[PDB]
Amino acid sequence: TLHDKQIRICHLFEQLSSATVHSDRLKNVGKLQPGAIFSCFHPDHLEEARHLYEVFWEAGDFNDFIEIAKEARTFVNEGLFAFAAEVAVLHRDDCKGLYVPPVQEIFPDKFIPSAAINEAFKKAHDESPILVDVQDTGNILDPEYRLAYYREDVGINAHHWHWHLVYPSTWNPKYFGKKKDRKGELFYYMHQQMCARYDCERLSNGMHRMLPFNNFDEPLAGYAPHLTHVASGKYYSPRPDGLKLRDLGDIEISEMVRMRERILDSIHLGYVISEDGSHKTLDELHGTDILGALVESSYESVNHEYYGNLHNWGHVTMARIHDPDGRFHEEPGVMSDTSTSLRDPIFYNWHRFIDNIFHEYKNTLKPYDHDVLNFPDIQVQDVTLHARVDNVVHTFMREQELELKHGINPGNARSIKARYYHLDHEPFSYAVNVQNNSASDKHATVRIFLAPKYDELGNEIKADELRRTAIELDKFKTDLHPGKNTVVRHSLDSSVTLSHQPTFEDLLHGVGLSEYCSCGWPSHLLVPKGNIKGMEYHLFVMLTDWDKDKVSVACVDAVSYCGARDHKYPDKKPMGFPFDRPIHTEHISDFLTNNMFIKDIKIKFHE
Ligand SMILES: [O-][O-]
Ligand SMILES: [Ca+2]
Ligand SMILES: [Cu+2]
Ligand SMILES: [Cu+2]
């Protein structure tokens, strides 16, 4: 049955660091040593991961796939293996309906500090349950340690791992049959929302918006991650203050400057150059997706030779800055890995730089006129946010526990849990009042966004600047009958959030329970933290005509950031509409058509 199939998949992913401590099918794999940190960005690591998941994809049927897997995990790098098997489980038809084990439970040592992991391994020296509180103690000397609740959140780092595995940069469409609709553009939009959401935490905390890493000579600020790799005793190398990017054997920094300059040229000329010397136009309909593919870069870049691989070489050269040529035999920092790279403050400097390349392009597009915004005869008359106090959302920290036993060797304890704390918010709902003055039923997509109202120094953020910090809260279809309507929507139904990741124990049992994919934003992080007086945000609701938006769907719980399984992205509008193009008005209230509304709410943290 499917429940048996699920138990056999959980066992692929169990004590995977110990899994080490051949078949002509597995001849090109086994290059990266077990114990080494696997890079999700480096070309030669992604090549070996592709080779392994190609074997898994061509495995004649499910039992043959558990077999080759059970064997390849004996010798290949274990990070590489979790990567290749989760791409296989997501895409193989005979794995449909099967969940992959939670990644923070496969690799507990990437989500919890060396100190807690060591204490757990230590106190495992009866039968009894170990519990370690992660919570530390120390001289808080760095103001950045204030955003650690966001950067080091378990749920955000697990989402980023899972997104890059629904949308692989090595995805070859001709080999799979299958195309990933608007993969380049969703690369863009997901990493833009991670930056936009991060800048709402800086401003929540009284800090300035993050500045782009746009000059490659400037020294980086430092960050020590304090993560071990128990599979070998290696750690993610820390980065002290004041180092500058240095050439690696595989890439020179001047080659990166050169890729940036070639990309900006094409954006200012309106066309890119295909491999055959010909011109492809950066039209309004495909321009962001062509640019996503050559900036990341993916396998689908129109010209890899000429535009290179800028975003991904940025991860590799920042992760190796402590040892650019390998003479120290030191492991990369957390920027090498999609499960850890959001922890480092430098992630946001680099991805606001990359976002600025997409924004130059968006800036060559014409502002929307009233025609492309308006949904005529629809008028929005009111939004209210209902919570304990109406139009105030409350946030707070909350304790949680993570089970380490399926990922580190447990001996005889039945359970080693580490307890950590994370931001969370009270439940809320919206109520939108809409007047439908046609005399027919209409169908609307309701689009909901949140935007800070003022910067950290109390100045009003103008309309155009709001575009960079507006975060998506929801997108859903509603039918409207003639006359007055009131749409009610609950926060829990958010289409940017994962509603539930089942644990290893939920799954080996039948308690992980269609919506079986793990990509999606964490529910506890739906809104920014705000601050203890109540930080003011604009809440924007827009309705547009769904018969013009619409494009059997598994895995749509987080459609907005993750798309739909094996399906086209279900919204024809550009990702981030209405905020993706230049707004020529000083104030956001003068942008508003009748089918748009802003309500000012407050987010108020409780200490
Ligand atoms: O990749 O972020
Ligand atoms: Ca959801
Ligand atoms: Cu990135
Ligand atoms: Cu990423």
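None of the figures in this text is laboratory data; all of them are computed from the coordinates on show. As a convention, Cβ positions derive from the backbone with ideal geometry for all residues, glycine included, and neighbour counts pool all protein chains shown.
Structure above, values below:
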{"item": "Amide H partners (placed H, <5 Å) of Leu473, local residues excluded", "result": "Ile448, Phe449, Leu450"}
{"item": "Size of charge dipole - the chain - debye, nearest 20, with Cβ of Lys, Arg +1 and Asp, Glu -1, no other charges", "result": "560"}
{"item": "Isolated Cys residues of the chain, judged by Cβ distance under 4.7 Å to other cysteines", "result": "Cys10, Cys40, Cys95, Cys195, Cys200"}
{"item": "Modelled FRET efficiency - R0 41 Å, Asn531 with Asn363, Cβ distances, 0.05 increments", "result": "0.80"}
{"item": "At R0 = 22 Å, FRET efficiency that the Cβ-Cβ distance of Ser440 and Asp493 yields, to 0.05", "result": "0.25"}
{"item": "Table column - 3J(HN,Hα) (Hz), segment 223-235, Karplus curve with 6.51, -1.76, 1.60, x for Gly and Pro", "result": "7, 9, x, 6, 10, 9, 10, 4, 4, 6, x, 7, 9"}
{"item": "Helical contribution to [θ] at 222 nm, DSSP H n ≥ 4, -39,500 (n - 2.57), averaged over the chain, rounded to 500", "result": "-9000 deg cm²/dmol"}
{"item": "Cβ-derived FRET efficiency at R0 35 Å, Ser514 paired with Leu141, nearest 0.05", "result": "0.15"}
{"item": "Of all DSSP beta bridges in the chain, antiparallel share, percent nearest 5", "result": "85"}
{"item": "Nonlocal amide H pairs with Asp133, under 5 Å, H built at 1.01 Å", "result": "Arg419"}
{"item": "Alpha carbon convex hull of the chain, projected area averaged over orientations, nm²", "result": "28.2"}
{"item": "For segment 1-101, size of Cβ-based charge dipole, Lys and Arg +1, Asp and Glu -1, in debye", "result": "160"}
{"item": "Amide hydrogen neighbours beyond the local backbone of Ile601, cut-off 5 Å, H modeled", "result": "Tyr537, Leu539"}
{"item": "Order of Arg246, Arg489, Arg352, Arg327 - criterion: other Cβ atoms within 10 Å of each residue's Cβ, fewest first", "result": "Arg327, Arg246, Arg489, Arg352"}
{"item": "Convex hull of Cα atoms in segment 1-101, direction-averaged projection (nm²)", "result": "6.1"}
{"item": "Order of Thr228, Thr384, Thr281, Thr137 under a 10 Å beta carbon neighbour criterion, fewest first", "result": "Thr137, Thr281, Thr384, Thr228"}
{"item": "Net charge dipole size for segment 67-111 [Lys, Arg +1 and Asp, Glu -1 on Cβ; Debye, nearest 20]", "result": "60"}
{"item": "Residue (of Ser491, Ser266, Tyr235) at the positive-pole extreme of the chain, dipole from beta-carbon charges", "result": "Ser491"}
{"item": "Residue pairs, from the table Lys27/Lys174; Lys548/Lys604; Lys179/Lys573, whose Cα atoms sit over 27 Å apart", "result": "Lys548/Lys604"}
